[PDB]
$ cat model_36.pdb   # PDB, C-alpha atoms
ATOM      1  CA  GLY Y 133     -10.805 136.358 -57.178
ATOM      2  CA  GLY Y 134     -11.027 134.097 -60.200
ATOM      3  CA  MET Y 135     -12.946 131.464 -58.225
ATOM      4  CA  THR Y 136     -15.669 132.191 -55.668
ATOM      5  CA  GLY Y 137     -17.202 129.836 -53.134
ATOM      6  CA  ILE Y 138     -19.722 131.126 -50.582
ATOM      7  CA  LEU Y 139     -22.877 129.443 -51.886
ATOM      8  CA  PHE Y 140     -24.862 128.003 -48.944
ATOM      9  CA  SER Y 141     -28.416 126.901 -49.793
ATOM     10  CA  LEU Y 142     -31.503 129.113 -49.736
ATOM     11  CA  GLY Y 143     -33.890 126.243 -50.442
ATOM     12  CA  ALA Y 144     -34.338 125.355 -46.775
ATOM     13  CA  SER Y 145     -33.810 128.542 -44.771
ATOM     14  CA  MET Y 146     -36.660 130.398 -46.482
ATOM     15  CA  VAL Y 147     -39.139 127.494 -46.403
ATOM     16  CA  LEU Y 148     -38.863 127.398 -42.601
ATOM     17  CA  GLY Y 149     -41.564 130.045 -42.275
ATOM     18  CA  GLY Y 150     -44.081 128.306 -44.538
ATOM     19  CA  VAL Y 151     -44.338 127.521 -48.237
ATOM     20  CA  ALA Y 152     -47.450 129.570 -48.971
ATOM     21  CA  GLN Y 153     -45.758 132.748 -47.733
ATOM     22  CA  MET Y 154     -43.179 132.012 -50.443
ATOM     23  CA  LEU Y 155     -45.562 132.940 -53.272
ATOM     24  CA  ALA Y 156     -47.818 135.451 -51.470
ATOM     25  CA  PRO Y 157     -46.519 138.007 -48.945
ATOM     26  CA  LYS Y 158     -49.303 137.204 -46.404
ATOM     27  CA  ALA Y 159     -51.782 139.695 -44.930
ATOM     28  CA  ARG Y 160     -51.424 141.778 -41.754
ATOM     29  CA  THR Y 161     -53.816 141.056 -38.912
ATOM     30  CA  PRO Y 162     -54.640 144.105 -36.761
ATOM     31  CA  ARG Y 163     -54.079 144.444 -33.019
ATOM     32  CA  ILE Y 164     -56.765 143.155 -30.653
ATOM     33  CA  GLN Y 165     -57.874 145.370 -27.766
ATOM     34  CA  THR Y 166     -59.944 144.514 -24.712
ATOM     35  CA  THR Y 167     -62.627 146.957 -25.875
ATOM     36  CA  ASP Y 168     -62.497 145.640 -29.452
ATOM     37  CA  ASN Y 169     -63.210 142.140 -28.044
ATOM     38  CA  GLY Y 170     -64.459 139.853 -30.844
ATOM     39  CA  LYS Y 171     -64.437 142.692 -33.361
ATOM     40  CA  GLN Y 172     -61.191 143.089 -35.305
ATOM     41  CA  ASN Y 173     -60.131 146.355 -36.935
ATOM     42  CA  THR Y 174     -61.238 146.300 -40.570
ATOM     43  CA  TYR Y 175     -59.017 148.094 -43.074
ATOM     44  CA  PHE Y 176     -61.874 147.891 -45.575
ATOM     45  CA  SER Y 177     -64.597 149.583 -43.504
ATOM     46  CA  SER Y 178     -65.060 151.919 -40.533
ATOM     47  CA  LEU Y 179     -68.687 152.771 -39.775
ATOM     48  CA  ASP Y 180     -68.204 155.768 -37.477
ATOM     49  CA  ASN Y 181     -67.300 159.450 -37.384
ATOM     50  CA  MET Y 182     -63.721 160.238 -36.388
ATOM     51  CA  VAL Y 183     -62.085 163.467 -35.276
ATOM     52  CA  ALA Y 184     -60.427 165.374 -38.107
ATOM     53  CA  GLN Y 185     -57.212 166.274 -36.308
ATOM     54  CA  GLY Y 186     -54.893 163.339 -35.757
ATOM     55  CA  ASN Y 187     -56.391 161.506 -38.731
ATOM     56  CA  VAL Y 188     -55.247 160.867 -42.287
ATOM     57  CA  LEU Y 189     -57.298 161.453 -45.432
ATOM     58  CA  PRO Y 190     -59.015 158.142 -46.257
ATOM     59  CA  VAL Y 191     -59.617 156.739 -49.733
ATOM     60  CA  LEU Y 192     -62.365 154.624 -51.291
ATOM     61  CA  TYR Y 193     -62.035 152.183 -54.162
ATOM     62  CA  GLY Y 194     -65.378 150.410 -54.471
ATOM     63  CA  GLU Y 195     -68.804 150.398 -52.796
ATOM     64  CA  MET Y 196     -68.144 149.908 -49.060
ATOM     65  CA  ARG Y 197     -70.648 152.080 -47.223
ATOM     66  CA  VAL Y 198     -68.654 153.938 -44.598
ATOM     67  CA  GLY Y 199     -68.624 156.750 -42.050
ATOM     68  CA  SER Y 200     -66.398 159.816 -42.309
ATOM     69  CA  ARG Y 201     -64.063 162.212 -40.504
ATOM     70  CA  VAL Y 202     -66.081 165.122 -39.130
ATOM     71  CA  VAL Y 203     -64.625 168.551 -39.882
ATOM     72  CA  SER Y 204     -67.296 170.948 -38.563
ATOM     73  CA  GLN Y 205     -70.318 170.397 -36.323
ATOM     74  CA  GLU Y 206     -72.478 173.150 -34.862
ATOM     75  CA  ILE Y 207     -76.046 173.813 -33.695
ATOM     76  CA  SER Y 208     -78.008 176.969 -34.540
ATOM     77  CA  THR Y 209     -81.622 178.166 -34.676
ATOM     78  CA  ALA Y 210     -83.501 177.074 -37.784
ATOM     79  CA  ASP Y 211     -85.414 179.372 -40.109
ATOM     80  CA  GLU Y 212     -89.208 179.116 -39.915
ATOM     81  CA  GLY Y 213     -89.931 178.796 -43.611
ATOM     82  CA  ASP Y 214     -89.228 176.579 -46.610
ATOM     83  CA  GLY Y 215     -89.112 179.158 -49.387
ATOM     84  CA  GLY Y 216     -91.060 181.001 -52.024
ATOM     85  CA  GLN Y 217     -94.160 182.512 -50.447
ATOM     86  CA  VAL Y 218     -95.675 179.641 -48.404
ATOM     87  CA  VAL Y 219     -95.035 181.039 -44.919
ATOM     88  CA  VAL Y 220     -98.049 179.722 -42.989
ATOM     89  CA  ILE Y 221     -97.245 179.391 -39.280
ATOM     90  CA  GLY Y 222    -100.427 179.057 -37.231
TER      91      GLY Y 222
ATOM     92  CA  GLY F 134     -12.183 112.342 -33.802
ATOM     93  CA  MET F 135     -11.791 115.200 -31.353
ATOM     94  CA  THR F 136     -14.801 117.375 -30.500
ATOM     95  CA  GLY F 137     -13.472 120.859 -29.796
ATOM     96  CA  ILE F 138     -15.132 124.176 -28.984
ATOM     97  CA  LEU F 139     -17.303 123.155 -26.049
ATOM     98  CA  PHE F 140     -17.816 126.853 -25.193
ATOM     99  CA  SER F 141     -19.353 126.573 -21.740
ATOM    100  CA  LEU F 142     -22.403 128.838 -21.491
ATOM    101  CA  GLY F 143     -23.185 128.794 -17.765
ATOM    102  CA  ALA F 144     -22.386 132.500 -17.518
ATOM    103  CA  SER F 145     -24.624 133.604 -20.396
ATOM    104  CA  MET F 146     -27.860 132.145 -19.013
ATOM    105  CA  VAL F 147     -27.631 133.982 -15.678
ATOM    106  CA  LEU F 148     -27.405 137.302 -17.540
ATOM    107  CA  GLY F 149     -31.193 137.385 -17.810
ATOM    108  CA  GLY F 150     -31.819 136.448 -14.184
ATOM    109  CA  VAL F 151     -31.389 133.445 -11.892
ATOM    110  CA  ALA F 152     -34.958 132.927 -10.647
ATOM    111  CA  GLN F 153     -35.904 132.338 -14.274
ATOM    112  CA  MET F 154     -33.576 129.313 -14.359
ATOM    113  CA  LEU F 155     -36.036 127.393 -12.172
ATOM    114  CA  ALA F 156     -39.348 129.123 -12.961
ATOM    115  CA  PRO F 157     -40.519 130.317 -16.400
ATOM    116  CA  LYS F 158     -42.231 133.272 -14.605
ATOM    117  CA  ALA F 159     -45.832 134.350 -15.167
ATOM    118  CA  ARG F 160     -46.671 136.395 -18.246
ATOM    119  CA  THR F 161     -48.034 139.898 -17.799
ATOM    120  CA  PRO F 162     -50.657 141.699 -19.904
ATOM    121  CA  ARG F 163     -50.368 145.159 -21.392
ATOM    122  CA  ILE F 164     -52.069 148.333 -20.169
ATOM    123  CA  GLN F 165     -54.716 150.129 -22.229
ATOM    124  CA  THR F 166     -55.011 153.846 -21.477
ATOM    125  CA  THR F 167     -58.673 153.729 -22.515
ATOM    126  CA  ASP F 168     -59.405 151.264 -19.708
ATOM    127  CA  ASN F 169     -58.519 154.066 -17.247
ATOM    128  CA  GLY F 170     -55.856 152.759 -14.863
ATOM    129  CA  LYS F 171     -57.368 149.354 -14.147
ATOM    130  CA  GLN F 172     -55.099 146.312 -14.423
ATOM    131  CA  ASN F 173     -56.299 143.406 -16.551
ATOM    132  CA  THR F 174     -56.246 139.976 -14.938
ATOM    133  CA  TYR F 175     -54.908 137.046 -16.958
ATOM    134  CA  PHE F 176     -57.134 134.477 -15.249
ATOM    135  CA  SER F 177     -60.488 136.201 -14.593
ATOM    136  CA  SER F 178     -63.058 138.069 -16.703
ATOM    137  CA  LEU F 179     -65.721 139.759 -14.581
ATOM    138  CA  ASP F 180     -67.304 141.532 -17.560
ATOM    139  CA  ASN F 181     -69.705 139.536 -19.740
ATOM    140  CA  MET F 182     -68.257 139.435 -23.245
ATOM    141  CA  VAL F 183     -69.755 138.726 -26.689
ATOM    142  CA  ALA F 184     -69.818 135.198 -28.076
ATOM    143  CA  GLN F 185     -67.746 135.549 -31.245
ATOM    144  CA  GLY F 186     -64.054 136.387 -31.210
ATOM    145  CA  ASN F 187     -63.547 135.189 -27.649
ATOM    146  CA  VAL F 188     -62.866 131.461 -27.571
ATOM    147  CA  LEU F 189     -65.067 129.210 -25.428
ATOM    148  CA  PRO F 190     -63.483 129.812 -22.006
ATOM    149  CA  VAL F 191     -62.736 127.355 -19.204
ATOM    150  CA  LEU F 192     -63.449 127.481 -15.462
ATOM    151  CA  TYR F 193     -61.355 125.938 -12.691
ATOM    152  CA  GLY F 194     -62.966 127.031  -9.400
ATOM    153  CA  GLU F 195     -65.079 129.703  -7.645
ATOM    154  CA  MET F 196     -64.835 133.073  -9.500
ATOM    155  CA  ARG F 197     -68.202 134.620  -9.944
ATOM    156  CA  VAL F 198     -67.509 135.758 -13.532
ATOM    157  CA  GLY F 199     -69.320 136.914 -16.651
ATOM    158  CA  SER F 200     -69.950 134.978 -19.835
ATOM    159  CA  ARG F 201     -70.132 135.165 -23.629
ATOM    160  CA  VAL F 202     -73.686 136.099 -24.591
ATOM    161  CA  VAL F 203     -75.047 133.986 -27.446
ATOM    162  CA  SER F 204     -78.616 135.294 -27.752
ATOM    163  CA  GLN F 205     -80.365 138.295 -26.192
ATOM    164  CA  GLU F 206     -84.030 138.880 -26.985
ATOM    165  CA  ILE F 207     -86.788 140.964 -25.385
ATOM    166  CA  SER F 208     -90.503 140.305 -25.903
ATOM    167  CA  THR F 209     -93.870 140.577 -24.150
ATOM    168  CA  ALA F 210     -94.392 138.353 -21.121
ATOM    169  CA  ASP F 211     -97.413 136.259 -20.170
ATOM    170  CA  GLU F 212     -99.728 137.165 -17.288
ATOM    171  CA  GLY F 213     -99.410 134.121 -15.068
ATOM    172  CA  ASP F 214     -96.633 131.652 -14.300
ATOM    173  CA  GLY F 215     -98.909 128.616 -14.304
ATOM    174  CA  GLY F 216    -101.727 126.815 -12.605
ATOM    175  CA  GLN F 217    -105.257 128.157 -12.426
ATOM    176  CA  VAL F 218    -104.376 131.293 -10.406
ATOM    177  CA  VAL F 219    -104.548 133.760 -13.290
ATOM    178  CA  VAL F 220    -106.082 136.870 -11.736
ATOM    179  CA  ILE F 221    -105.346 140.292 -13.243
ATOM    180  CA  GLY F 222    -107.289 142.849 -11.200
TER     181      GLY F 222
END

$ encode --input "model_36.pdb" --output "C-alpha cells"
Amino acid sequence: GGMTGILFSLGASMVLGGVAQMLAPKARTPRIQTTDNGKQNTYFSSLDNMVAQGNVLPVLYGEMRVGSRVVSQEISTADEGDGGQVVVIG
Amino acid sequence: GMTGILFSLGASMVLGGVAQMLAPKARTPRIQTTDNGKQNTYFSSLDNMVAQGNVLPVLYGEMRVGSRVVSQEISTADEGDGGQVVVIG
C-alpha cells in the first residue's frame, strides 16, 4: 500500500476522438427524417403551432420570432358592433 | 522468445451468423410511422426532393425517378411559340 503503480497514459486514449472535442464538448446534431429532408430540426426556432398535450413548456432567451403551443381554439359567431354607440348596419 | 496465448477465435465469429462471413449483408433503413406503412428503398427515390440537404445524387440505370428542384418560378406566358403565325382570335 505504500507504493502504487497503475498509471497508464491518458494522453493518447482521449485524443483518439479528436483534439477539438478535448476543449469543447461538441454540439448535438438532430435526427434526420425522410419528411424533414434538407431541413434539420432547429433547437433555436420552431415556426409552427404544436399541440399542448405531449409537449413541454418552451423558453425564450433572445429575439427569435417563433410559433407557440396552442392551448384553446374555437369558432363562434361574432358580435355585430364595435362599441360605444356606432351601431350602423345597413 | 515464445509467443503464447494464441487464443483461437474461430468459434466467436460464427456467433453472429455464418452467411455474414462471406457477405457483409445489405443495410436496411428504418421505418417512419408518419410515412404510413410504406417501406423506404435504399437505392431509389421516386419523390422529387428539395435541392439543399440532399447531396447531389447519382444514377446507374433505368429508374424513372424524381430530382432535387433548384428553381421553381411561375410567370405569364407569351402568345405564340414562334414564327409569323401569331393569331389570337

$ residues_around --input "model_36.pdb" --residues "residue 162 of chain Y" --least-positions-apart "3" --cutoff "8 Å" --atoms "only C-alpha atoms" --output "PyMOL selection string"
chain Y and resi 172-174

$ interface_residues --input "model_36.pdb" --of "chain Y" --to "chain F" --cutoff "8 Å" --atoms "only C-alpha atoms" --output "ChimeraX atom specification"
/Y:165,169-171

$ atom_distance --input "model_36.pdb" --atom1 "atom CA of residue 193 of chain F" --atom2 "atom CA of residue 177 of chain F"
10.5 Å

$ axis_aligned_box --input "model_36.pdb" --around "segment 177-186 of chain F" --padding-each-side "5 Å" --output "AutoDock Vina command-line options"
--center_x -65.2 --center_y 138.4 --center_z -22.9 --size_x 19.3 --size_y 16.3 --size_z 26.7

$ residues_near_point --input "model_36.pdb" --point "(-47.1, 139.4, -19.9)" --cutoff "12 Å" --atoms "all atoms listed in the file" --output "ChimeraX atom specification"
/F:157-164,172-175

$ resolve_selection --input "model_36.pdb" --expression "the PyMOL selection byres ((chain Y and resi 205-221) around 12)" --output "list in words"
residues 181, 183, 184, 201, 202, 203, 204 and 222 of chain Y

$ write_last_selection --input "model_36.pdb" --atoms "C-alpha atoms" --output "PDB file, in the frame of the given file"
ATOM      1  CA  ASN Y 181     -67.300 159.450 -37.384  1.00  0.00           C
ATOM      2  CA  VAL Y 183     -62.085 163.467 -35.276  1.00  0.00           C
ATOM      3  CA  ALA Y 184     -60.427 165.374 -38.107  1.00  0.00           C
ATOM      4  CA  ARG Y 201     -64.063 162.212 -40.504  1.00  0.00           C
ATOM      5  CA  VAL Y 202     -66.081 165.122 -39.130  1.00  0.00           C
ATOM      6  CA  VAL Y 203     -64.625 168.551 -39.882  1.00  0.00           C
ATOM      7  CA  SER Y 204     -67.296 170.948 -38.563  1.00  0.00           C
ATOM      8  CA  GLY Y 222    -100.427 179.057 -37.231  1.00  0.00           C
TER       9      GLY Y 222
END

$ atom_distance --input "model_36.pdb" --atom1 "atom CA of residue 207 of chain F" --atom2 "atom CA of residue 221 of chain F"
22.2 Å

$ atom_distance --input "model_36.pdb" --atom1 "atom CA of residue 178 of chain Y" --atom2 "atom CA of residue 200 of chain Y"
8.2 Å

$ build_atoms --input "model_36.pdb" --residues "segment 186-207 of chain Y" --atoms "N, CA, C and O atoms" --output "CSV table (one decimal), keeping the file's coordinate frame"
chain,number,residue,atom,x,y,z
Y,186,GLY,N,-55.4,164.6,-36.1
Y,186,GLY,CA,-54.9,163.3,-35.8
Y,186,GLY,C,-55.4,162.2,-36.6
Y,186,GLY,O,-55.3,161.0,-36.2
Y,187,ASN,N,-55.9,162.5,-37.8
Y,187,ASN,CA,-56.4,161.5,-38.7
Y,187,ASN,C,-55.8,161.8,-40.1
Y,187,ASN,O,-55.2,162.9,-40.3
Y,188,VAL,N,-55.8,160.8,-41.0
Y,188,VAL,CA,-55.2,160.9,-42.3
Y,188,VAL,C,-56.3,160.7,-43.3
Y,188,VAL,O,-57.2,159.9,-43.2
Y,189,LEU,N,-56.3,161.4,-44.4
Y,189,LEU,CA,-57.3,161.5,-45.4
Y,189,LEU,C,-57.6,160.1,-46.0
Y,189,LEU,O,-56.7,159.5,-46.6
Y,190,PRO,N,-58.7,159.5,-45.8
Y,190,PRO,CA,-59.0,158.1,-46.3
Y,190,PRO,C,-59.3,158.1,-47.7
Y,190,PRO,O,-59.6,159.2,-48.4
Y,191,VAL,N,-59.3,156.9,-48.3
Y,191,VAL,CA,-59.6,156.7,-49.7
Y,191,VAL,C,-60.6,155.6,-49.9
Y,191,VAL,O,-60.7,154.7,-49.0
Y,192,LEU,N,-61.4,155.7,-50.9
Y,192,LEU,CA,-62.4,154.6,-51.3
Y,192,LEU,C,-62.0,154.1,-52.7
Y,192,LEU,O,-61.5,154.8,-53.5
Y,193,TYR,N,-62.3,152.8,-52.9
Y,193,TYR,CA,-62.0,152.2,-54.2
Y,193,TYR,C,-63.3,151.5,-54.8
Y,193,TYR,O,-63.4,151.5,-56.0
Y,194,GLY,N,-64.2,151.0,-53.9
Y,194,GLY,CA,-65.4,150.4,-54.5
Y,194,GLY,C,-66.4,150.1,-53.4
Y,194,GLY,O,-66.2,149.5,-52.4
Y,195,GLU,N,-67.7,150.6,-53.7
Y,195,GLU,CA,-68.8,150.4,-52.8
Y,195,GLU,C,-68.5,150.7,-51.4
Y,195,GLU,O,-68.0,151.9,-51.1
Y,196,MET,N,-68.6,149.8,-50.4
Y,196,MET,CA,-68.1,149.9,-49.1
Y,196,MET,C,-68.7,151.1,-48.4
Y,196,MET,O,-68.0,152.1,-48.1
Y,197,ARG,N,-70.0,151.1,-48.1
Y,197,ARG,CA,-70.6,152.1,-47.2
Y,197,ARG,C,-69.8,152.3,-46.0
Y,197,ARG,O,-69.2,151.4,-45.4
Y,198,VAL,N,-69.7,153.6,-45.6
Y,198,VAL,CA,-68.7,153.9,-44.6
Y,198,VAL,C,-69.0,155.3,-43.9
Y,198,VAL,O,-69.8,156.0,-44.5
Y,199,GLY,N,-68.5,155.5,-42.8
Y,199,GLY,CA,-68.6,156.8,-42.0
Y,199,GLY,C,-67.7,157.8,-42.6
Y,199,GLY,O,-67.6,157.9,-43.9
Y,200,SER,N,-67.2,158.7,-41.8
Y,200,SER,CA,-66.4,159.8,-42.3
Y,200,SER,C,-65.5,160.3,-41.2
Y,200,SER,O,-65.3,159.7,-40.1
Y,201,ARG,N,-64.8,161.5,-41.5
Y,201,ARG,CA,-64.1,162.2,-40.5
Y,201,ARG,C,-64.6,163.6,-40.4
Y,201,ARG,O,-64.5,164.4,-41.3
Y,202,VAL,N,-65.3,163.9,-39.3
Y,202,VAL,CA,-66.1,165.1,-39.1
Y,202,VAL,C,-65.1,166.3,-39.1
Y,202,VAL,O,-64.2,166.3,-38.3
Y,203,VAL,N,-65.4,167.3,-39.9
Y,203,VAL,CA,-64.6,168.6,-39.9
Y,203,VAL,C,-65.3,169.7,-39.2
Y,203,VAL,O,-64.6,170.5,-38.5
Y,204,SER,N,-66.6,169.9,-39.3
Y,204,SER,CA,-67.3,170.9,-38.6
Y,204,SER,C,-68.7,170.5,-38.1
Y,204,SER,O,-69.4,169.9,-38.9
Y,205,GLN,N,-69.0,170.7,-36.9
Y,205,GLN,CA,-70.3,170.4,-36.3
Y,205,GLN,C,-70.8,171.5,-35.4
Y,205,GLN,O,-70.0,172.0,-34.5
Y,206,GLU,N,-72.0,172.0,-35.6
Y,206,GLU,CA,-72.5,173.2,-34.9
Y,206,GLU,C,-74.0,173.2,-34.9
Y,206,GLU,O,-74.6,172.6,-35.8
Y,207,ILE,N,-74.6,173.8,-33.9
Y,207,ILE,CA,-76.0,173.8,-33.7
Y,207,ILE,C,-76.5,175.3,-33.6
Y,207,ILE,O,-75.9,176.1,-32.9
